[PDB]
Amino acid sequence: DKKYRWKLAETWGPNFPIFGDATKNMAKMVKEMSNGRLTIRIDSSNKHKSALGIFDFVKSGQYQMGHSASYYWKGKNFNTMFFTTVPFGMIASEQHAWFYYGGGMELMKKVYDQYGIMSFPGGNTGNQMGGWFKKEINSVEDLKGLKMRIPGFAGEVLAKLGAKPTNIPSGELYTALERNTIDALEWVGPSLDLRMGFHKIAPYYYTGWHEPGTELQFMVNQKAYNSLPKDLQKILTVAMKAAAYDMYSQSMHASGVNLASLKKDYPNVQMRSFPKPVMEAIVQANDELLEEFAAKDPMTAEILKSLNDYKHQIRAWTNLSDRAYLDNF
Amino acid sequence: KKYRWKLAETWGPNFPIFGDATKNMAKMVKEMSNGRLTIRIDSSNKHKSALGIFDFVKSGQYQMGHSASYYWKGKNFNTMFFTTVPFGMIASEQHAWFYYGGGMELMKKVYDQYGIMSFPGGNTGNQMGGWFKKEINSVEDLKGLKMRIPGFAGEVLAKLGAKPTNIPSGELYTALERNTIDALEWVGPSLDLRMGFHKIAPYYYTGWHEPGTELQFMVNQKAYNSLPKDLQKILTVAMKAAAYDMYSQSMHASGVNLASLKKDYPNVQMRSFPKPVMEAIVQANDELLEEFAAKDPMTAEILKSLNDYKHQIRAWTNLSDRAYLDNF
Ligand SMILES: [Ca+2]
Ligand SMILES: [Ca+2]
Ligand SMILES: [Cl-]
């Protein structure tokens with residue numbers, strides 16, 4: 001008899017490629033698979049006016065669903081950071097193993113259940129670039145007072161070294177950089193960074209370290225989910241899984257297409273790496289901070305131990321398999 | 001209302017990972033469809049024809065199969081390319097190629113002539129070079145080497161004097177114990193341990209030949225067309241989600257089993273093919289590919305797609321994950 005009409009709030013602006021494709025793809029799959037019994041309207045930042053309001057929208061049930069990143073909610077609960085990615089952590093293929101087979105989904109459920117929110121993988125970008133900089137980073141002294149848009153745990157790490165991170169939303173990044181409200185920023189990589197224009201005013205494009213395997217997030221209000229019949233519940237969860245996996249393939253695809261153009265069409269972009277002493281300080285600050293976060297909360301210790309042990313185990317296989325292969329051929 | 005389908009799979013019963021992919025798909029379809037589509041899975045113990053899947057599905061005796069596309073290379077050489085290629089793409093790259101790079105559509109052009117629909121069926125990731133009784137120190141050690149190895153790699157190693165040999169799977173261990181073969185490859189730590197090859201072959205080589213083995217679901221086209229559109233989408237989305245989950249599971253099982261291997265099997269010795277040998281295999285591979293491409297237009301089209309795409313995507317893999325792994 002009954003049809004369900006839901007709405008999804010997403011962080012991204014309207015027609016945002018790749019990220020906005022995952023939500024649309026998800027919604028279309030649900031509509032088709034349900035023969036119209038479950039339909040999901042997508043509201044982008046231009047509609048709901050709150051790019052970073054998604055967690056509150058879904059908790060309250062004003063929206064039944066959201067699409068965002070777990071690490072945006074660090075202010076609400078620092079344990080939300082670790083389900084997105086961590087500096088020096090796992091690459092995408094590893095993190096998927098961790099989520100679906102290494103206990104990651106279950107840890108995420110223990111963190112989010114307290115809010116009456118269900119959280120699911122919402123798409124991986126793969127390994128992200130270090131970002132866009134107006135001036136080169138030559139020593140740790142260059143990080144002091146550096147105003148940089150960078151989320152999650154890397155933001156905390158750079159702050160420990162004297163930087164001033166912020167979490168300005170995608171639609172506001174260019175203007176903030178143009179005005180020197182930030183001196184640098186990171187977003188994703190070649191899949192998405194070029195159309196956003198940062199290259200016009202920040203010519204140094206740094207390689208990564210901080211976001212090896214960024215997974216986005218779908219969120220679903222538990223009470224809304226419970227109201228669904230069981231077959232539509234499954235349709236929803238399988239659609240989100242499929243859309244999320246495909247987003248990693250799209251991120252890979254787009255990164256290749258866009259890197260090819262970058263190699264040919266941007267004579268003023270200069271790719272850079274952090275000097276060894278800078279990277280050494282960052283690795284250390286990361287280790288120091290992980291140890292500090294782990295000690296102040298047993299749920300944090302549990303999550304970081306799972307990530308750390310799991311990375312140790314799976315990286316050995318990555319090294320024996322794909323890395324050996326990519327290094328050699 | 002209620003569709004009752006069967007699927008025939010190459011693998012024996014309760015085969016971990018590969019047999020999980022089909023069970024996982026069937027469970028997702030039953031549940032999403034509220035029972036309107038269910039799929040019984042017959043393993044090889046039941047239909048008795050591990051390499052009969054292609055014909056089962058083509059005839060419609062079974063609505064679906066799960067197997068590997070390169071097992072059909074004897075029927076049509078172009079089926080090899082949708083599993084994997086020596087020195088080709090790793091799994092994350094190959095998924096991009098399938099879904100955004102034109103691979104699904106090429107696959108369709110090949111399989112449409114048989115009234116079969118082929119879909120990705122799960123990636124194993126990068127596979128080990130295999131299990132060896134004697135070390136491969138030079139190209140001379142390949143000559144006369146009897147080895148179980150499928151797909152294009154088998155065609156390459158033959159070109160170099162080896163004797164790719166056919167053996168079912170249940171007999172892989174025995175064949176190697178009986179010296180019917182001198183070596184073999186299967187998959188990697190995820191599945192090789194349960195097979196006991198480490199007991200008979202001390203040397204375990206790293207890969208080259210199957211950098212991203214994608215299995216396949218097959219669906220009989222007429223059967224597919226008999227479904228209403230909502231069931232059709234349930235089936236295809238289920239297949240996609242199960243396929244992707246199998247790579248996650250393969251990664252997971254590999255990490256687990258590599259740790260177990262290192263703790264429990266002391267005299268498994270990790271090797272890599274010396275440089276002059278890989279240069280020789282590389283060269284044979286390329287020469288041989290150019291040969292097959294020149295004889296068959298569909299082959300040329302598929303290899304140009306695969307090569308152009310690999311060159312593109314690999315530059316990003318190198319800049320992103322590879323550099324990251326190398327540096328940390
Ligand atoms: Ca980022
Ligand atoms: Ca193999
Ligand atoms: Cl918590």
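Here the residues of each chain are numbered from 1 in the order the sequence is written, which can differ from the numbering of the entry; residues without coordinates are not included. All chains are assigned letters beginning at A, and all ligands numbers beginning at 1, according to the order in which they are written. As a rule here, side-chain values cover all heavy atoms of the structure and leave hydrogens and water aside. Residues with missing side-chain atoms are left out of burial classes, side-chain pairs and their counts.

The deposited coordinates for this entry were obtained by X-ray crystallography, with a reported resolution of 1.9000 Å.

Regarding the coordination of the calcium ion (ligand 1)
Think of the donor list as every N, O and S atom within 2.8 Å of the metal, or within 3.2 Å for Na, K and Ca; water never makes the list, so a site can look incomplete. Ligation of the calcium ion (ligand 1) by protein atoms is provided by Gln128(A) (OE1), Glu186(A) (OE), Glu186(A) (OE), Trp187(A) (O), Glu211(A) (OE) and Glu211(A) (OE), these donors lying 2.3 to 3.2 Å from the ion. Considering all six donor atoms around the calcium ion (ligand 1), the spread of angles at the metal, 43 to 161 degrees, places the coordination shape in the irregular class. For four-coordinate sites, all angles between 85 and 135 degrees define a tetrahedron; for four- and six-coordinate sites, opposite donors beyond 155 degrees with the remaining angles between 65 and 115 define square planar and octahedral shapes respectively, and all other cases count as irregular.

Some remarks on the coordination of the calcium ion (ligand 2)
All names here are of chain B. Here the calcium ion (ligand 2) is held by the protein donor atoms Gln-127 (OE1), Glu-185 (OE), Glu-185 (OE), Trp-186 (O) and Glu-210 (OE), which lie 2.3 to 2.4 Å from it. Counting residues between consecutive donors of the calcium ion (ligand 2) along the chain gives the motif Q-x57-E-W-x23-E. With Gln-127 in the loop between strand 4 (116-123) and strand 5 (130-132) and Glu-210 in the loop between strand 9 (203-205) and strand 10 (214-220), this residue pair connects regions lying 83 residues apart in the sequence. No difference in accessibility class separates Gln-127 from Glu-210, as the two residues are buried. Strands are runs of DSSP state E lasting at least 2 residues, helices are runs of H or I lasting at least 4, and numbering of each runs from the N terminus. Classification of residues uses two cut-offs on accessible area relative to the type maximum, computed with a 1.4 Å probe and protein chains only: under 20% is buried, over 50% is exposed, and between them is partly exposed.

As for the sheet that holds strand 5 of chain B
Residues and elements named next belong to chain B. In this analysis, strands are considered paired if DSSP registers two or more bridges between them. Strand order in this open sheet of six strands is 7-6-8-5-9-11, and the pairing throughout is mixed. Both outer strands of the open sheet, strand 7 (163-164) and strand 11 (269-271), are each paired with one neighbouring strand and no more. As defined by bridge partners, strand 9 adjoins strand 11 across three bridges and the pair is classed as parallel. Among the inter-strand pairings, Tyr-204 is bridged to a residue of strand 11, identified as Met-270.

Some remarks on the pairing of strand 4 (residues 117-124) of chain A
Residue and element names in this part refer to chain A. The buried fraction of strand 4 amounts to eight of the eight residues, a majority that puts the element mostly inside the structure. For strand 4 and strand 10 (residues 215-221), the ladder comprises seven bridges, and the chain directions are antiparallel. Paired with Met-118 across the strands is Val-220, a residue of strand 10.

Looking at the UniProt feature "binding site: Ca(2+)" (unreviewed entry) in chain A
Residue and element names in this part refer to chain A. UniProt positions are given in the numbering used here, feature names are shortened, and annotations may be inferred rather than shown by experiment. Here, UniProt's "binding site: Ca(2+)" (unreviewed entry) annotation points to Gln-128, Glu-186, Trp-187 and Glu-211. Taking the farthest pair of C-alpha atoms as the criterion, the annotated set spanning 84 residues converges on one region, since that pair is 10.0 Å apart. With respect to the secondary-structure elements, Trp-187 resides in the loop between strand 8 (184-185) and strand 9 (204-206). Residues are treated as being in contact if the distance between any of their heavy atoms lies within 4.5 Å. Setting aside chain neighbours within four positions, we find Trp-187 in contact with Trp-12, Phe-16, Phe-19, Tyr-72, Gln-128, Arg-149, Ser-170, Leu-173, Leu-192, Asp-193, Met-196 and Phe-198.

Points about the sheet that holds strand 10 of chain B
Strand pairing within a sheet occurs via backbone hydrogen bonds; the two strands may be parallel or antiparallel. Residues and elements named next belong to chain B. Across the sheet, which stays open at both edges, the five strands sit in the order 2-1-3-10-4 with mixed pairing between neighbours. Strands at the two margins of the open sheet, each flanked by one partner only, are strand 2 (37-42) and strand 4. Strand-to-strand twist of the sheet, defined as the mean angle between neighbouring strand axes without regard to direction, takes the value 25 degrees. Note: strand 1 (residues 3-9) against strand 3 (residues 64-67), three bridges, orientation parallel. Bridging from a neighbouring strand, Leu-7 pairs with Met-64 of strand 3. Axis geometry follows a simple rule: fit a line to the C-alpha atoms, using only the stretch in contact for helices, then measure angles between N-to-C directions, giving values from 0 to 180 degrees. This element, helix 10 (residues 229-264), spans strand 1, strand 2, strand 3, strand 4 and strand 10 of the sheet and lies at about 30 degrees to strand 4.

Some words on the domain arrangement of chain A
Residues and elements named next belong to chain A. Considered domain by domain, chain A is made up of domain 1 (1-124 + 210-268 + 298-329) and domain 2 (125-209 + 269-296). For the domain bounds, the source is a domain assignment made automatically or taken from a database. For domain 1 versus domain 2, the separation of C-alpha centres amounts to 22 Å. Contacts between the two partners involve 39 residues from domain 1, matched on the other side by 41 residues from domain 2. The buried area of a pairing is the accessible area, by a 1.4 Å probe, that goes missing from both parts when the two are put together, added over both. Roughly 3,300 Å² is buried in total at the junction of domain 1 and domain 2, and carbon and sulfur atoms are behind 66% of that figure.

Looking at the UniProt feature "binding site: Na(+)" (unreviewed entry) in chain A
The feature "binding site: Na(+)" (unreviewed entry), as given by UniProt, occupies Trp187(A) in the numbering adopted here. In this structure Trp187(A) comes out as buried when scored by relative accessible area, which is 4%.

Some thoughts on unusual backbone geometry
Its identity as a non-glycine residue notwithstanding, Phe88(A) has a phi of 60 degrees, on the positive side. In this fold, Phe88(A) is placed in the loop between strand 3 (65-68) and helix 4 (92-101). At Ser169(B), a residue that is not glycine, the phi angle is positive and equals roughly 155 degrees. As for its position among the elements, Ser169(B) is in the loop between strand 7 and helix 7 (172-177).

Description of the UniProt feature "binding site: Na(+)" (unreviewed entry) in chain B
Residues and elements named next belong to chain B. When the UniProt feature table is mapped onto this chain, "binding site: Na(+)" (unreviewed entry) is found at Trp-186. Structurally, the position occupied by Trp-186 is in the loop between strand 8 (183-184) and helix 8 (189-192). For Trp-186, the residues in contact, after removing those within four places along its chain, are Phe-15, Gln-127, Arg-148, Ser-169, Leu-172, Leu-191, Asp-192, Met-195 and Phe-197.

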